[PDB]
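# Examination of the molecular architecture
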Amino acid sequence: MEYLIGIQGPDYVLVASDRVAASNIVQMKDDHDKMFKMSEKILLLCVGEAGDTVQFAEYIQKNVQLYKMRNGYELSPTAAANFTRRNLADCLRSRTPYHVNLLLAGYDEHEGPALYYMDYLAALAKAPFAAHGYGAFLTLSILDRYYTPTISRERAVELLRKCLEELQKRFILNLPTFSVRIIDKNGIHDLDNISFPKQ
Amino acid sequence: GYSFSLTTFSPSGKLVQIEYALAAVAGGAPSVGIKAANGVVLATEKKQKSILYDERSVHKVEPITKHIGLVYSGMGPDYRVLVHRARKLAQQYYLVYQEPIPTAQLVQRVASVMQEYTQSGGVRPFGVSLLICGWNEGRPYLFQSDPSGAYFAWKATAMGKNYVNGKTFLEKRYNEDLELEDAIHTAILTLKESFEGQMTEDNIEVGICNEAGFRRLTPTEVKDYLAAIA
Amino acid sequence: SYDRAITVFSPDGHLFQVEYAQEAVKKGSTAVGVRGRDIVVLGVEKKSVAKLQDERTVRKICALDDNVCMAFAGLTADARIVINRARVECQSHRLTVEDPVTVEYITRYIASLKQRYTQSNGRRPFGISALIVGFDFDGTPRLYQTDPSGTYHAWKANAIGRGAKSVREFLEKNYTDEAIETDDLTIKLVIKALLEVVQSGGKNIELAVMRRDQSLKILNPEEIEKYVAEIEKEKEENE
Amino acid sequence: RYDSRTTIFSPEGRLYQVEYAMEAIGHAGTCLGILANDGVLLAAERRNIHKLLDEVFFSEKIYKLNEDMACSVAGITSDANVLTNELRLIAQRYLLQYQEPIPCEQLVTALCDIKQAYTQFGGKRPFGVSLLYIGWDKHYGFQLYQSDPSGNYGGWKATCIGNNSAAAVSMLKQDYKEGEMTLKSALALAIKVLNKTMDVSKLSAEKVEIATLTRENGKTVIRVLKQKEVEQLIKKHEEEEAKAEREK
Amino acid sequence: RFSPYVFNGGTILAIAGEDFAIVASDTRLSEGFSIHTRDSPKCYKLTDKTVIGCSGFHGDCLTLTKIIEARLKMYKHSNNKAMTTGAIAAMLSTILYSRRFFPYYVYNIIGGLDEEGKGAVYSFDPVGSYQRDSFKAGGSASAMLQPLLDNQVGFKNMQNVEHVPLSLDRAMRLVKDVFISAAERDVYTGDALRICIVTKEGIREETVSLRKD
Amino acid sequence: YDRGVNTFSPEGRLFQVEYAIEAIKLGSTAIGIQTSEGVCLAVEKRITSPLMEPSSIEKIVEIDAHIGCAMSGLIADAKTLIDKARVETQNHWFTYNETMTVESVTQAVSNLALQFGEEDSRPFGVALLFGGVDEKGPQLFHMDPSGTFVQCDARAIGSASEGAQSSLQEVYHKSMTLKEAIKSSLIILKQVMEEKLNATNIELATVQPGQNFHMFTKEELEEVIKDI
Amino acid sequence: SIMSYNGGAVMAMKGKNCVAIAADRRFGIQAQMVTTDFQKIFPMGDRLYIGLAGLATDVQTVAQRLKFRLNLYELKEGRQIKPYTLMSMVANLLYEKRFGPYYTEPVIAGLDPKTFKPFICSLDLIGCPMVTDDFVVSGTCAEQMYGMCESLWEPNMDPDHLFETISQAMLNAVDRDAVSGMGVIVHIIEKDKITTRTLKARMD
Amino acid sequence: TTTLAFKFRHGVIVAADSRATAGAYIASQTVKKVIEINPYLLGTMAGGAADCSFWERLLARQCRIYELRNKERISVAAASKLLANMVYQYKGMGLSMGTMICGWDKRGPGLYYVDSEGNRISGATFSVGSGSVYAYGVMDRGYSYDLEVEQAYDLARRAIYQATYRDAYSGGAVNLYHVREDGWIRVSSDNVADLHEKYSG
Amino acid sequence: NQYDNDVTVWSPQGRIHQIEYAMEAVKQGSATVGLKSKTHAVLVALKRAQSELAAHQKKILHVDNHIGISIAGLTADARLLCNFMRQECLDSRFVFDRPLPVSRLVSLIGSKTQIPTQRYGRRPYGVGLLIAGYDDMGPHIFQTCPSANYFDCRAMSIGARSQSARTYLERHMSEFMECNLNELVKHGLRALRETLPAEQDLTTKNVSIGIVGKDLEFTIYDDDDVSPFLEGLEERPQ
């Protein structure tokens, strides 16, 4: 339904979710949060069946915390992404399948920043910028029009401003407020909440 | 009165219910096996207790596949059980890989089976030491195992009564480079060294392993060969 | 009636292996632990560096969560298994009700597991006794200890291992009311406990702290030298 | 007196089978690994050096386990096969789950837990086998570890096997090195250790075994080296013995 | 195909009084377009202070009756005392939820006295919810009976009519008239009426016939 | 000999149960007295260290809102039994909307007070006192490790229970009052204890039909102590 | 189809003394692509590759499972694997899910470990092996690659003409294909070395 | 059927109707939907009766066991979490349950929303049922944080009146509960016809 | 004596001493006497206490509307067989919708108790049941044993010093058959008053009497319908 965008930079990962938790007619929650802080430099976003999102939050979040408290150091984004893909692929072929759409944002001391991209059919992907829903389409046109691998973080924020101005113009949906993180050499820094008065 | 049984170590030494199983193995029938340049020859010592017994019923030299010979020195009823295990296991390998199983892999898995039976604590181990050989990938092999689950690789070895004397003779007489026939000759020599002297086409039983495959020889060619071979 | 097995009583009403398994703890390394009012601190003795290897793997003080801290005595393998189980228990509790894990629940888990582990058929009981320190409810400092029987038993200070009676007896003569906080006096209290240790070698001391809000902090063998220097200064001022 | 099983305690509280497993360790092959950066080594003594073998296995104590790790072993030999198959299966499960090589410490603790589960449970024979660890990771580099039948594991830089290696550990402390990562120096040191500690007169190369592990450009290869360099290592060490008798 | 359900019908009435519980029901057991019998009382006396009626699928009514009697004996033979009414209500509710994914297609009414000695009617549903009400009509004749009880017992939709509490004999005349009026129009109703009355002194029964068509 | 739970004696008897009854004796004492006004109950804590926090050691626990308990012997067998009772009470309220009466509580506990079996584990090492108020007024209940449960009017357990029962039968009759039974109990406590009686040694647990909630006395127990 | 959910095309062609394997780069949902760098050719030991086309989840899971059993086999036995051994192993791995099948069409391309003998085979979604001598193809597009490879293959081919032939065949068949496109990776291996090239394809 | 709940400065307002029909046939008019979990927890009945009753009774059981094991009153998020983890074990098997969880917390007020679809969220205002959108309209007209007590009472009373006025599946007595910091309290149980006479003019 | 340890081991004389030790464990229970008329079966037991303040341990416990049992021996096995007994009652009450014949019930008890007397791992049950019931052929008084050789009688008594009770049954088994309930019950306690030493008297609080009749449901009594049964007695002939 909604979509949370995940731009890769040179040394940062620009993720941006929504704050909407509507139920088939009405907007129940207008300050929702879908951001799941796994560890000090690894994030996770989730869109799918809203009974399964909390379950993935529990399972993946807490088991990565379990690895951290066990061994003594933080995971790579790649191993965590593969752990998630393995768990979705295993829980797919059961009497209880899982239907969400994930995308992974991490940061290594060696590999630097990292973006991953899931599916409800449990596929790994190493993308520059991802898509889900219908904001998928409406972001991907402009975002593939104006991408440069050597882009600065302020140009990325400006690009997100511009794309959101295009999102508020031709949807059926409402989508009032978008929350935004950023990952650096330090960790997870929350930027300001990005809302728009329309007219 | 200790060890007793299979769950504890000794105060300082080793496992008594493995050492006694090896003792019962050493109290078994003599046998010899020699790895030559082109083949490996196995041969046993099979005397019937009376003149009543038949020599076309029970067979010591036993193939596991068409290219793998295997003999023992010990107790037949356990020998058959572990052989049947090796048969089924080699067939499982041929199910999975569609390829004849290598003798090292057989020794790995048969050794794992025997070591599993030495695991504590309700069954006894085998009273069976094996001699596994075959011509896999040109170079033939010769693998001796034991009831403890371990294994070796020999040029020539023996198992049974007076195996130390047969081993000193195989150290003396045998060497690295012979033919299949010369290995047959020195194998019958080291078998006749420690057996009783009344040795016919029936008291011994010989299987060879060509590069053309395993071959279990007949009393016809045995009496053709062993009719005063030296 | 005999030292075997764990299942039958004595004729005068005892369990031999319950009483005997505490002796493995009682012959074990010494590790103390006190609570401040705001900062809780503990440490083990007998680092025993044998000159040719690393010692970052032999660390006897760890954590299950960011809010709880560990110690033990007795043999190390049972401590390894119990802590590795307790991490997963803490994380399963976190997968349930979303609170930071209370020290009381995880001590009930560990002692309960240890006891129902003991009651079973021929399982050798874990000859350890853990020290479980945390400050969760508005930073209320708590530390409980365990037992090979599996009895959690809440204290204010603690001392186990070799010669634990004397080391606890020092805290009887040390622990007045106005200990903390006064964090510096809690620091000097840990330092006086380490000076009152059975060997007090000065370099074999390893201590770790928690200010009830921060993380676990491993100190440095120069700050502790200053602490021993000012403790000897206090001993000279007593003269 | 209070013998019978592994479980439960003898009243001290001490143990029966851990001590007797170490006394089972002591009468076995001697191995060692050395302090080295940019590489690490293993040494081993050939048991059963009788002339009628084949040596077509290339490896009798060494087991190149995952890609970048080998392990020496000592003790009851079939239990070593039992543990090594399972340990390869553990490492390969980790690689299946994460697509990352195993960083060796959780591997070591997993095998220690496998041994420890047979220490507590009853009535089972605990593994009377100690074994070594060499390997490389992304977090510490070249590493050395000592497994024990108790389930305790020691991170060493110069390791210890039983009664045939207590004098080896004494020579390793009295001739301790630090700072030199040159592998040939540590190989000469190991040659000296096996020259004194083994009772082999003049150190025949058929009674020895040496395996090394170096880091090459992305690969972390394991070198089970052959016999001729061992021969010239013997000649080098005996030339050093001539250098030692220069003081006469 | 095989269907697991069939509609037997039935009509169950209950009235909570000042100190009494009246439960009455017809005894017709029918199926489709035929009559199996003209004598099958849906009412059952559990204790001295508890009467249950069960309509709907007849086999589940019988089975549920037997299981309820079993658990009554279990509670008494464990705890040396009989149940109250609401305890039986909670127990029946737990059973009906215990077969959630294959339900009993059975309407249920428990009437009886509380510990204060007053009437208490617990209605039910085929899935297992319940509540303490004064009067319910269960079965196919539910809608034919509920608004009249709203008229008389509840005095609803009336002006300047004060609240007199319901006596016993007036309630008896009410039950006779409502079953005659419903038997005139329902097809799952007639030929008899089994009226059970719970007092503080025991259980009274009374059989009033009806028209025979 | 006698070596195990699966072997009788030539005269009786277990000979494991006997050693459990012997293992009652090691514990600290506790005294409860049934009075129709309500059940009073007492215990000794036997504090070792000043570091030993006194309110942390549990002796009176709360099973139901009107049901107390007291333990005597191994702590953790008692904790298991308290856990099971806490489960089972709630199930009884669940399936019946009412309070499980205390005799039925004790039948439920004594169902597997002896279900000891290692094949097809050991018997438990604690005796328990149950105090509560059912419909028939207050109830005071005394069980054992052997599951032989009976009602007692004023039972004493544990160490020095002999002279406790002696001086108890010396002072008891049927028509006692509340505070008189309280002071009569704590007299026997300070006769059987070794330490000076103060606010940290003992604790009381009083349940009344009109005062069902809070089966405990906190630091008014100081005032009850100073009246002797 | 279910095979046409993520697209896919894998071509292998046997040369004279060498063998070449190529695949597409596009990954995405039914009409919406995602990325251009999806790996479908995986190295399994030295001088022995495998190609996978079909559902990408089964592709990655089957590749990791085969890597698992492959490493266990090559560490139980120090020699490297022969290609027929790989073919029987893959057929066994597929046939274990007889009624729960993965959705893929594996293609194995490798050389002889002792000689330079080339080898091609391809399998079905239940484990039916098939060895040929000219070429094997898999994926969503089939008939295009069949027509092109039956049009342009010769029996004895120098590696340059083998490379250019598989290049033109893949480029034309992918340009006729709709759901699979967006660049081509080419692996040409031989006894001496391993060559990997990427072609300038139509990105439409 | 229509419930709502909204929290403010002085605790939480909980109100609902009491009509529970059987299709086009009204079963009752006096179904007490707001299930009393504890002296400190209150759940509602939203769509399907047996699921709401059973699983909230099981939640009350588990809360009592938690309190007796930890000597400590349970938090609200804890209850919503346990309820969602219990209900999620029958996903797809056809349970209808859309209740709300209210209670006072160490963090203060507590308001969560648990579905049989497992849509565990917090928030400030909620309304469940068929005629819930009517209540959303009139409440989000009348919502603030700084309301008074009688203001919130008349607000929720107006809200349930509007919801039962327009929808046909809603009616009966209007219950009205109020959560405080110490404990909840029933405010009133008002019939619709009295409210129509009172508010109509 | 090394063979007198376990149930499985046959003796070299063939006598399982575990069974006889279970018998001697049964003999340390309370006194109880069961006896029937043609129409009424009455079993009467004796209570004991731990102390003076303590209550008396009950012996006669309810089972079913036409079945009630006495007991002597262990209490855990008693309630275990009680649960099994009630289960066997209500199972056939559920299936067949009839009350059970008593004989097949006690055969079920014997088959239940056979397996803990033959295999290893469970001790034989120390048990003292006296079972009174009503099938279609009237009252039955059965007795049990730990050897599962259940006996049918007309009048038995088990427990400590029950031999004087047995001799009383010998000298009044001709007289039991014709009388009505009242003097039958006072015959029962004129066995129980000889199950005691003569320097004390059978009181109220120590006795319980259970009557089940061919038209009368099984009912236990304690001091209150028993004070009517305790009158109508003479002293012992001192």
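See the structure above.
Residues numbered from 1 in each chain as written, not as in the entry; some residues may be left out. Chains lettered and ligands numbered in written order. Part of a larger assembly, values for the part shown. Heavy atoms only, no water. Residues with missing side-chain atoms left out of burial classes, pairs and counts.

### Some words on the overall build of chain E
Each helix and strand counted, chain E has 4 helices and 12 strands in total. C-alpha extents for chain E along the principal axes are approximately 50 × 45 × 30 Å. (Helix = DSSP H or I, 4+ residues; strand = E, 2+ residues; numbered from the N terminus.)

### What to know about the sheet that holds strand β11 (residues 194–198) of chain E
All names here are of chain E. Spatially, the 5 strands line up as an open sheet ordered β10-β1-β2-β11-β12, and their pairing is antiparallel. In the strand order of this sheet, the two ends are held by β10 (135–139) and β12 (203–207), each with one partner. Averaged over all pairs of adjacent strands, the angle between their axes in this sheet comes to 15°, without regard to strand direction. Note: β11 against β12, 5 bridges, orientation antiparallel. Paired with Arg194 across the two strands is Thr207, which belongs to β12. In this fold helix α4 (residues 168–185) packs onto β1 (11–16), β2 (21–25), β11 and β12, with an angle of close to 20° to the strand it touches most, β2. (Pairing = 2+ DSSP bridges. Axes fitted to C-alpha atoms, helices over the stretch in contact; angles between N-to-C directions. Contact = heavy atoms within 4.5 Å.)

### Remarks on the interface of chain D and chain B
In this complex, chain D contributes 24 residues to the contact, which on the side of chain B involves 28 residues. Listing elements by their share of the side of chain D that touches chain B, those giving two or more residues are α1 (17–25) and α2 (77–98) of chain D. If one sorts the elements of the side of chain D that touches chain B by residue count, α2(D) sits on top with 5 residues. Of the residues in the side of chain D that touches chain B, the class split is 9 nonpolar, 9 polar and 6 charged. (Nonpolar A, V, L, I, M, F, W, Y, C, P; charged D, E, K, R; others polar.)

### Topic: the sheet that holds strand β6 (residues 140–144) of chain B
In a beta sheet, neighbouring strands are held together by backbone hydrogen bonds and run either parallel or antiparallel to one another. All names here are of chain B. Spatially, 4 strands are ordered β3-β4-β5-β6 in an open sheet, and the strand pairing comes out antiparallel. Looking along the sheet, the strands with just one partner apiece sit at the ends: β3 (62–65) and β6. Averaged over all neighbouring strand pairs, the angle between strand axes comes to 25°, with direction disregarded. Pairing between β3 and strand β4 (residues 68–74): 3 bridges, direction antiparallel. Across the sheet, the residue bridging to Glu62 is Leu70, located in β4. Packed on one face of the sheet, helix α2 (residues 76–97) meets β3, β4 and β5 (128–135) and runs near 20° to β3.

### Describing the interface of chain D and chain C
Residue-level contacts link 29 residues of chain D with 28 residues of chain C. Elements that contribute at least two residues to the side of chain D that touches chain C include exactly α3 (105–120) and β7 (153–155) of chain D. Broken down by element, the residue count for the side of chain D that touches chain C peaks at 5 residues, all from α3(D).

### So, the packing of α2(B) against helix α3 (residues 103–118) of chain B
Residues and elements named next belong to chain B. Two numbers describe how α2 lies on α3: the axes approach to 11 Å, and their chain directions differ by 135°. Comparing the axis directions of α2 and α3 gives the class oblique. Note on packing geometry: the crossing formed by α2 with α3 is right-handed. Side by side, α2 and α3 meet where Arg85, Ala86, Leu89 and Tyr93 of the first sit next to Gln105, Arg109, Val110, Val113 and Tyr117 of the second. Classifying every residue of the contact of α2 with α3 gives 6 nonpolar, 1 polar and 2 charged. (Parallel < 35°, antiparallel > 145°, perpendicular 65-115°, else oblique. Left-handed = near helix turned anticlockwise from the far one by under 90°.)

### Some points on helix α3 (residues 132–142) of chain H
Considered for burial, the residues of α3(H) that qualify are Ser132(H), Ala135(H), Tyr136(H), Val138(H) and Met139(H). Looking at the packing, one finds that the buried side of α3(H) touches β4 (26–27) of chain A together with β1 (2–8), β10 (125–129) and α4 (149–166) of chain H. (Buried < 20%, exposed > 50% of the residue type's maximum accessible area, 1.4 Å probe, protein only.)

### Regarding the arrangement of the chains
When C-alpha atoms are compared, chain C and chain G, though not in contact, are closest at a spacing of 27 Å. For chain G and chain H, which are not in contact, the least C-alpha distance works out to 22 Å.

### Brief notes about the pattern of salt bridges
Within the structure shown, the criterion is met by 55 salt bridges over all chains. Between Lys193(G) and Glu190(G) there is a salt bridge, and its shortest N-O distance comes to 2.4 Å. Several salt bridges converge on common partners, so that one network encompasses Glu58(A), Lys62(A), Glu98(C) and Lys81(H). (Salt bridge = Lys/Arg side-chain N within 4 Å of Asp/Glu carboxyl O.)

### Details of a nonpolar patch on the surface
Taken together, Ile25(A), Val133(H) and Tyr134(H) make up a surface patch of nonpolar side chains, about 280 Å² in accessible area. By the element assignment, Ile25(A) lies in the loop between β3 (22–23) and β4. Residue classification places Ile25(A) among the exposed positions, given a relative accessible area of 69%. (Patch = residues over 30% accessible without salt bridge, like charges linked within 9 Å, V, L, I, M, F, W, Y side chains within 5 Å. Areas by Shrake-Rupley, 256 points an atom, 1.4 Å probe, with all protein chains shown as cover.)

### Here we look at the pairing of strand β5 (residues 43–48) of chain A
All names here are of chain A. Here β5 lies mainly inside the structure; 5 of its 6 residues are buried. Relative to strand β6 (residues 100–107), β5 runs antiparallel, the two sharing 6 bridges. Residue pairing in the sheet places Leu45 in a bridge with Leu103 of β6.

### Regarding unusual backbone geometry
At the junction of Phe4(B) and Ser5(B), the peptide bond is cis and its omega measures out at 0° in the coordinates. You can see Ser5(B) is positioned in the segment before α1 (16–26). Cis peptide bonds are those with omega within 30 degrees of zero, and the linkage from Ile180(C) to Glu181(C) qualifies with 0°. Within the secondary structure, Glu181(C) is located in the loop between α4 (164–172) and α5 (183–195). At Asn162(B), a residue that is not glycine, the phi angle is positive and equals roughly 60°. Along the polypeptide, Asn162(B) turns up in the loop between β7 (156–159) and α4 (163–172). The exposure class assigned to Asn162(B) is partly exposed, which follows from its relative accessible area of 41%. Not every positive phi belongs to a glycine, and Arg3(F) is a case in point at roughly 20°. Relative to the elements of secondary structure, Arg3(F) occurs in the segment before α1 (17–22).

### Here we look at the side chain of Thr159(D)
Residues and elements named next belong to chain D. With respect to the element layout, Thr159 can be found in the loop between β7 and α4 (166–174). Judged by its relative accessible area of 7%, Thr159 is buried. In terms of polar contacts, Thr159 uses its side chain to reach the side chain of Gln146, at 2.9 Å. In this structure, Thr159 is in contact with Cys31, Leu32, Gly33, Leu132, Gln146, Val169 and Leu172, ignoring residues within four places of it in sequence. (Polar contact = N/O pair within 3.5 Å; in protein donor to acceptor, adjacent residues only side chain to side chain.)

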